[PDB]
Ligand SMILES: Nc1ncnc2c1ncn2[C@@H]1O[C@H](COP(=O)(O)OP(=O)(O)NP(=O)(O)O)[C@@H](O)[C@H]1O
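As a starting point, one isolated chain is supplied in structure tokens, in the form solved without the ligand.
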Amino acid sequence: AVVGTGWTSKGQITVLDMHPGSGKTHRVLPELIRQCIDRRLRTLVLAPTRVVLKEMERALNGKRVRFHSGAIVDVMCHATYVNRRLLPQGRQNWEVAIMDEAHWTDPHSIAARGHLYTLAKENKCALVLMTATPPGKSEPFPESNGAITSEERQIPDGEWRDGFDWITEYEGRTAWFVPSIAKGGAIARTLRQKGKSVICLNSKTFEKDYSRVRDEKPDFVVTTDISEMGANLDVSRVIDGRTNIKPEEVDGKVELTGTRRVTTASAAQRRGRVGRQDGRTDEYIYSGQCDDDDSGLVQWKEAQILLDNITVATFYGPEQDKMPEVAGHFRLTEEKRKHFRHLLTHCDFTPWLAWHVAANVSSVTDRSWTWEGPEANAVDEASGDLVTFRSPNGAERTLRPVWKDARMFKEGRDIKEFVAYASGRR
């Protein structure tokens, strides 16, 4: 344990920065809840992912905790907390809030910590943030439970043949972080034609396929940033090119082109996959430097869209500089918020797309915005022909949305699901 009491006093903000593998989920979290239950405080616990929520349920074995897909402790995902507050008829209160993996730059995660920070600064709760890389200044090589030898090497950015023998001559298991699902597939194919087993983890596969890692012990896990929020990959080496995809609003559209250097918090979390056990020395092989200035990413606008609709609120204080507009800018009328919530939760829309649709379109039944956009917004398959579909009246449409978000058409979303919506089947 790190803190005694007073941590549950209204207006207290506590940051627990504990290294991975020193018993946070199964030692520290269960002691914090014991205290809450003993003091009879309505406690909220936020997990980043279903994988971590399930792990919390095992560690909180034998307490009155309510887990969400007569107890005073509720456990749910970051995203569940925020999505619930999008119904103004929703909005239960807790006096203590514990947020696990509180560094995540997912918009729901940013909005949750901002909302809870706002409440605690007004003395409506206590807030614990559990993360090795708290928002604010980060170190790329923070302390670990066991040794990590970190070395800079050139890392392949796609398929290779010769010149990188150190990758495949290695005897232990490796996690290789990649900036995108597409780049992952290239790396995965090359490793497999060099005789290695590979599992790919990303936004799309993580919830389902995390368990194959433990079960199948592949030579390589080729992973996106999805493994930076509590994933135990049980590897002895990380390979980290220190890049990520850069979703950005450019000329009124969300683009996904090229990469950014990771933030130092990301680099530390990637490295943080190893060094979990004392008595053994692991390896972190990386290429190049970090860039902490991610203020350009659309995630901050999306965090504001959510925060303005679950609520003067601020982001979690160091992050407030990254709020792109005046607080409240994106607030919707109750009726439009209901549309917004449906698009997020039932149609798998990004916050950016769901906001533009709900703010602007007349009725929840209109689909004409999906074909009435400017010509340059038309959506192509990888084969080069523009996507077409039929409206219920048999009219042939070209997919050409008024608001274009590249994330709807690749990187773990399929054109086919968006066409289900556009054709009025969803």
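Residues that one form lacks are left out of the comparison. From 1 onward, residues are counted along the sequence shown. Only the largest set of C-alpha atoms that superpose within 1.5 Å between the two forms is called the rigid core.
Form deposited with the ligand bound: not shown, discussed below.
Blocked or open, judged by overlaying the ligand from its pose in the entry with it bound and testing 2.4 Å from backbone or C-beta atoms: Judged by the transferred pose of the ligand in the entry with it bound, this form is blocked (3 or more ligand atoms within 2.4 Å of backbone or C-beta).
The unique member of 167, 132, 285, 200 whose heavy atoms fall within 4.5 Å of the ligand in the entry with it bound: Of the candidates 167, 132, 285, 200, 132 is the one lying within 4.5 Å of the ligand in the entry with it bound.
Contact segment among 374 to 382, 390 to 398, 26 to 34, 356 to 364, judged by heavy atoms lying within 4.5 Å of the ligand in the entry with it bound: Only one stretch qualifies here: 26 to 34.
Contact of residue 273 with the ligand in the entry with it bound (heavy atom, 4.5 Å): Answer yes; at least one heavy atom of residue 273 falls within 4.5 Å of the ligand in the entry with it bound.
Contact test in the entry with it bound: residue 21 vs the ligand, heavy atoms, 4.5 Å: Result yes; residue 21 sits at the interface with the ligand in the entry with it bound.
4.5 Å heavy atom contact, residue 145 to the ligand in the entry with it bound: Although the ligand is absent here, residue 145 would touch it in the entry with it bound, with heavy atoms inside 4.5 Å.
Close approach of residue 218 to the ligand in the entry with it bound, 4.5 Å, heavy atom: Taking the distances in the entry with it bound, the answer for residue 218 is no, it never comes within 4.5 Å of the ligand.
Heavy atom within 4.5 Å of the ligand in the entry with it bound - qualifying residues of 243 to 269: Going through 243 to 269 in order - heavy atoms within 4.5 Å of the ligand in the entry with it bound - there is one hit, 269.
Rigid core superposition, residue 412 Cα moves 2 angstroms or more between this form and the one not shown: After core superposition, the C-alpha of residue 412 moves less than 2 Å between this form and the one not shown.
Did residue 22 shift 2 Å or more between this form and the one not shown, C-alpha, core superposed: Comparing forms between this form and the one not shown, the residue 22 CA shifts at least 2 Å.
Runs in sequence order between this form and the one not shown, three or more residues long, with CA shifts of 2 Å or more on the rigid core: Runs found: 1 to 3, 19 to 26, 203 to 209, listed by sequence.
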